[PDB]
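So this one's data-v6.cif, mmCIF, C-alpha atoms:
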```cif
data_my_file
#
loop_
_atom_site.label_atom_id
_atom_site.label_comp_id
_atom_site.auth_asym_id
_atom_site.auth_seq_id
_atom_site.Cartn_x
_atom_site.Cartn_y
_atom_site.Cartn_z
CA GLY W 1 -35.66 -28.49 -14.82
CA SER W 2 -38.14 -26.64 -12.64
CA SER W 3 -37.24 -24.28 -9.83
CA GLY W 4 -38.10 -20.84 -8.49
CA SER W 5 -35.99 -17.75 -9.08
CA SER W 6 -36.52 -15.08 -6.46
CA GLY W 7 -39.36 -13.75 -4.35
CA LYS W 8 -39.52 -10.46 -2.48
CA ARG W 9 -36.29 -8.75 -3.46
CA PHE W 10 -34.33 -7.08 -0.68
CA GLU W 11 -31.12 -5.19 -0.03
CA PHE W 12 -28.11 -6.94 -1.51
CA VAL W 13 -28.30 -10.39 -3.06
CA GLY W 14 -27.36 -12.90 -0.39
CA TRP W 15 -24.26 -11.94 1.56
CA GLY W 16 -22.48 -9.77 -0.97
CA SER W 17 -23.72 -7.03 -3.27
CA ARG W 18 -24.96 -7.97 -6.72
CA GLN W 19 -21.93 -6.18 -8.13
CA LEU W 20 -19.58 -8.58 -6.39
CA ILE W 21 -22.02 -11.44 -6.87
CA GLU W 22 -22.58 -11.01 -10.59
CA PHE W 23 -18.86 -10.46 -11.00
CA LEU W 24 -18.26 -13.77 -9.25
CA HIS W 25 -21.11 -15.36 -11.17
CA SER W 26 -19.56 -14.42 -14.50
CA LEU W 27 -16.09 -15.60 -13.54
CA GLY W 28 -17.91 -18.82 -12.75
CA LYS W 29 -17.81 -18.57 -8.98
CA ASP W 30 -20.58 -20.43 -7.19
CA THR W 31 -21.86 -17.78 -4.80
CA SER W 32 -23.56 -20.47 -2.75
CA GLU W 33 -22.07 -20.06 0.71
CA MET W 34 -20.47 -16.90 2.04
CA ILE W 35 -17.06 -16.93 0.41
CA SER W 36 -13.98 -15.62 2.18
CA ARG W 37 -12.92 -12.15 1.09
CA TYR W 38 -9.31 -13.24 0.77
CA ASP W 39 -10.55 -15.76 -1.78
CA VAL W 40 -12.61 -13.38 -3.88
CA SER W 41 -9.73 -10.94 -3.57
CA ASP W 42 -7.25 -13.64 -4.52
CA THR W 43 -9.36 -14.48 -7.55
CA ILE W 44 -9.46 -10.80 -8.43
CA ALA W 45 -5.68 -10.56 -8.30
CA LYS W 46 -5.55 -13.55 -10.61
CA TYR W 47 -8.29 -12.28 -12.90
CA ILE W 48 -6.61 -8.89 -13.08
CA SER W 49 -3.51 -10.60 -14.44
CA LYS W 50 -5.38 -13.33 -16.28
CA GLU W 51 -7.11 -10.67 -18.34
CA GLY W 52 -4.22 -8.23 -18.10
CA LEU W 53 -5.70 -5.34 -16.17
CA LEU W 54 -2.34 -4.82 -14.51
CA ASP W 55 -0.59 -1.54 -15.19
CA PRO W 56 2.73 -1.18 -17.03
CA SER W 57 3.69 1.98 -15.18
CA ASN W 58 3.25 -0.02 -12.00
CA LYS W 59 2.02 -3.58 -11.74
CA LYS W 60 1.46 -2.91 -8.06
CA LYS W 61 -1.54 -1.01 -9.35
CA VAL W 62 -4.55 -2.30 -11.24
CA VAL W 63 -6.22 -0.77 -14.27
CA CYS W 64 -9.89 -1.66 -14.22
CA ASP W 65 -11.23 -2.70 -17.61
CA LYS W 66 -14.95 -3.18 -17.17
CA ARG W 67 -15.89 -5.98 -14.80
CA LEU W 68 -13.89 -4.28 -12.08
CA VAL W 69 -15.60 -1.02 -12.97
CA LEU W 70 -19.08 -2.51 -12.88
CA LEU W 71 -17.87 -3.91 -9.57
CA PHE W 72 -16.11 -1.03 -7.87
CA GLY W 73 -16.70 1.73 -10.39
CA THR W 74 -13.13 2.98 -10.49
CA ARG W 75 -10.60 3.13 -13.30
CA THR W 76 -7.55 2.20 -11.28
CA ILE W 77 -7.05 0.57 -7.90
CA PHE W 78 -4.43 -1.09 -5.72
CA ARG W 79 -3.97 -4.83 -6.00
CA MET W 80 -4.13 -4.62 -2.22
CA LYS W 81 -7.06 -2.24 -1.94
CA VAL W 82 -8.92 -5.10 -3.57
CA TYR W 83 -9.34 -6.63 -0.13
CA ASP W 84 -10.77 -3.39 1.18
CA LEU W 85 -12.71 -2.68 -2.00
CA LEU W 86 -14.49 -5.94 -1.26
CA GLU W 87 -14.65 -5.20 2.45
CA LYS W 88 -17.23 -2.64 1.38
CA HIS W 89 -19.26 -4.71 -1.05
CA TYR W 90 -19.57 -7.58 1.40
CA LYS W 91 -22.41 -7.08 3.85
CA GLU W 92 -22.33 -8.07 7.50
CA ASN W 93 -22.26 -5.22 10.00
CA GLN W 94 -18.69 -4.09 10.53
CA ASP W 95 -18.10 -2.41 13.87
CA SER W 96 -15.19 0.01 13.89
CA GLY W 97 -14.31 3.24 15.66
CA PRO W 98 -13.93 5.71 16.83
CA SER W 99 -11.92 7.16 13.97
CA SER W 100 -11.33 5.50 10.62
CA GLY W 101 -7.95 3.84 11.03
#
```
As structure tokens:
Amino acid sequence: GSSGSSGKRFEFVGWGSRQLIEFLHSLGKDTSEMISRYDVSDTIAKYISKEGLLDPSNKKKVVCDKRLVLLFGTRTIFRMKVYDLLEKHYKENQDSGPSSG
């Protein structure tokens, strides 16, 4: 083997934030080409269950364990919010307004 690593670090790490990246890296996701949110989100929904982050009081919710925390930084979230949660991480200018609906 013999390859570079990284030169001249800049905002984010590719298309998504390191947080999301790393998280995907660990899981074993090949953050090669811009992945579709739905996917990452879908994987999250699976991972949440896979690991068992789900909540007993309400499965509809999600109880972050660590990875999710290091990702979002929250203790609990909505299995759905996931999509949005990522919507943030992911780069790419997102035009919207006026108002935050």
Margin query: For a quick check of understanding, using all atoms listed in the file, which of W:99, W:76, W:41, W:31 has the smallest distance to residue 64 of chain W?
Written below: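 Between W:99, W:76, W:41, W:31, the residue approaching residue 64 of chain W most closely is W:76.
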Margin query: Could you list, as a list in words, every residue matched by the PyMOL selection byres ((chain W and resi 92) around 9) in this structure?
Written below: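 Matching residues under the PyMOL selection byres ((chain W and resi 92) around 9) are residues 15, 16, 90, 91, 93 and 94 of chain W.
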Residues selected by the PyMOL selection byres ((chain W and resi 27) around 12), written as a PDB file with C-alpha atoms, keeping the file's coordinate frame:
```
ATOM      1  CA  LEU W  20     -19.580  -8.580  -6.390  1.00  0.00           C
ATOM      2  CA  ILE W  21     -22.020 -11.440  -6.870  1.00  0.00           C
ATOM      3  CA  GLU W  22     -22.580 -11.010 -10.590  1.00  0.00           C
ATOM      4  CA  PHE W  23     -18.860 -10.460 -11.000  1.00  0.00           C
ATOM      5  CA  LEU W  24     -18.260 -13.770  -9.250  1.00  0.00           C
ATOM      6  CA  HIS W  25     -21.110 -15.360 -11.170  1.00  0.00           C
ATOM      7  CA  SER W  26     -19.560 -14.420 -14.500  1.00  0.00           C
ATOM      8  CA  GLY W  28     -17.910 -18.820 -12.750  1.00  0.00           C
ATOM      9  CA  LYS W  29     -17.810 -18.570  -8.980  1.00  0.00           C
ATOM     10  CA  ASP W  30     -20.580 -20.430  -7.190  1.00  0.00           C
ATOM     11  CA  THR W  31     -21.860 -17.780  -4.800  1.00  0.00           C
ATOM     12  CA  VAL W  40     -12.610 -13.380  -3.880  1.00  0.00           C
ATOM     13  CA  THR W  43      -9.360 -14.480  -7.550  1.00  0.00           C
ATOM     14  CA  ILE W  44      -9.460 -10.800  -8.430  1.00  0.00           C
ATOM     15  CA  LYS W  46      -5.550 -13.550 -10.610  1.00  0.00           C
ATOM     16  CA  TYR W  47      -8.290 -12.280 -12.900  1.00  0.00           C
ATOM     17  CA  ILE W  48      -6.610  -8.890 -13.080  1.00  0.00           C
ATOM     18  CA  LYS W  50      -5.380 -13.330 -16.280  1.00  0.00           C
ATOM     19  CA  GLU W  51      -7.110 -10.670 -18.340  1.00  0.00           C
ATOM     20  CA  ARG W  67     -15.890  -5.980 -14.800  1.00  0.00           C
ATOM     21  CA  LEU W  68     -13.890  -4.280 -12.080  1.00  0.00           C
TER      22      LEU W  68
END
```
Item checked: Computed interatomic separation between atom CA of residue 54 of chain W and atom CA of residue 34 of chain W (Å) ->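 One can read the atom CA of residue 54 of chain W to atom CA of residue 34 of chain W distance as 27.4 Å.
Taking all atoms listed in the file, the non-local environment of residue 45 of chain W within 10 Å (same-chain residues fewer than 5 positions away omitted) comprises residues 39, 40, 50, 53, 54, 62, 78, 79, 80, 82 and 83 of chain W.
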Next item on the list: Could you tell me which of W:32, W:100, W:61, W:14 comes closest to residue 81 of chain W if we count all atoms listed in the file?
Entry: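 Closest candidate: W:61.
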Item checked: Selected residue, from W:19, W:96, W:6, W:49, that lies nearest to residue 73 of chain W when counting only C-alpha atoms -> W:19
Item checked: Atom-to-atom span, atom CA of residue 38 of chain W and atom CA of residue 9 of chain W, Å ->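 Between atom CA of residue 38 of chain W and atom CA of residue 9 of chain W the gap works out to 27.7 Å.
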Check: Just how far from atom CA of residue 70 of chain W is atom CA of residue 11 of chain W, in Å to one decimal?
Finding: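 That distance, rounded to one decimal, is 17.8 Å.
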Check: Which one is closest to residue 86 of chain W: W:5, W:55, W:37, W:18? Count all atoms listed in the file.
Finding: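 Nearest to residue 86 of chain W: W:37.
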Next item on the list: Give the answer as one residue: which of W:77, W:42, W:72, W:3 has the shortest atom-to-atom distance to residue 59 of chain W, using only C-alpha atoms?
Entry: W:77
Please export segment 14-25 of chain W as a PDB file, in the first residue's frame, restricted to C-alpha atoms.
```pdb
ATOM      1  CA  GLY W  14     -16.351  15.805   1.713  1.00  0.00           C
ATOM      2  CA  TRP W  15     -20.086  16.334   1.412  1.00  0.00           C
ATOM      3  CA  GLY W  16     -21.190  15.570   4.951  1.00  0.00           C
ATOM      4  CA  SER W  17     -19.790  16.608   8.311  1.00  0.00           C
ATOM      5  CA  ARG W  18     -17.155  14.433   9.938  1.00  0.00           C
ATOM      6  CA  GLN W  19     -19.720  13.557  12.580  1.00  0.00           C
ATOM      7  CA  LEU W  20     -21.975  11.953   9.998  1.00  0.00           C
ATOM      8  CA  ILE W  21     -18.988  10.723   8.026  1.00  0.00           C
ATOM      9  CA  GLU W  22     -17.152   9.052  10.883  1.00  0.00           C
ATOM     10  CA  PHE W  23     -20.456   7.622  12.050  1.00  0.00           C
ATOM     11  CA  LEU W  24     -20.947   6.146   8.600  1.00  0.00           C
ATOM     12  CA  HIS W  25     -17.311   5.101   8.479  1.00  0.00           C
TER      13      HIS W  25
END
```
